[PDB]
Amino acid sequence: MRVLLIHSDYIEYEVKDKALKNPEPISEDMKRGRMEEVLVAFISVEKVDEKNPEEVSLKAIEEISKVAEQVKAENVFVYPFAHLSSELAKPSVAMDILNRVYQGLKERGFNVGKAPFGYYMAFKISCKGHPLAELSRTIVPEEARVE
């Protein structure tokens, strides 16, 4: 998994066109959204993550939470951004992992938001430009899952 963390004044998004034949079923209101003072987690789920969705998600939750703790962010936004990596995981796995990360951050007590999966999407962001407002993290499985 590849994650780009941008501590921003805000994030706005707008669904523009489906990118998959059968994207995530969303309501009209889910097509657009905005969150203030937010640590945006742009995430690309990679092929190697398919080995252990649970472990990778756990590590991602841990890494993202740590950064939020360092920059004092109370709001976190999970944003699908497939082209952060060149070796993408299958859609079904990507969606599952993104959901796991989203739920995990919620469990940690953060106010969490997320954009719909499977779409070409426009977005506006405003990076704060502080030393830790722009970071990258690579997270991968250490062991295959047992299920």
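All residue numbers are counted from 1 along the displayed sequence.
> On average, which has the higher Cα B-factor in the deposited entry, 55 to 63 or 39 to 47?
The deposited B-factors put 55 to 63 ahead on the C-alpha mean.
> May I ask you to compare 118 to 126 and 77 to 85 by their mean CA B factor in the entry and name the higher one?
According to the entry, 77 to 85 carries the higher average C-alpha B-factor.
> Going by the deposited entry, which of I139, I11, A19, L135 has the highest CA temperature factor?
In the PDB entry, the greatest C-alpha B-factor among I139, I11, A19, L135 is found at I139.
> Which third, lowest, middle or highest, does the C-alpha temperature factor of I6 belong to within its own chain?
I6: CA B-factor falls in the lowest third of its chain.
> Would you check the entry's CA temperature factor for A94 and let me know if it's in the chain's lowest, middle or highest third?
CA B-factor rank for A94: middle third.
> Would the CA B-factor of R34 place it in the lowest, middle or highest third of its chain?
As the PDB entry reports it, the C-alpha B-factor of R34 lands in the lowest third of its chain.
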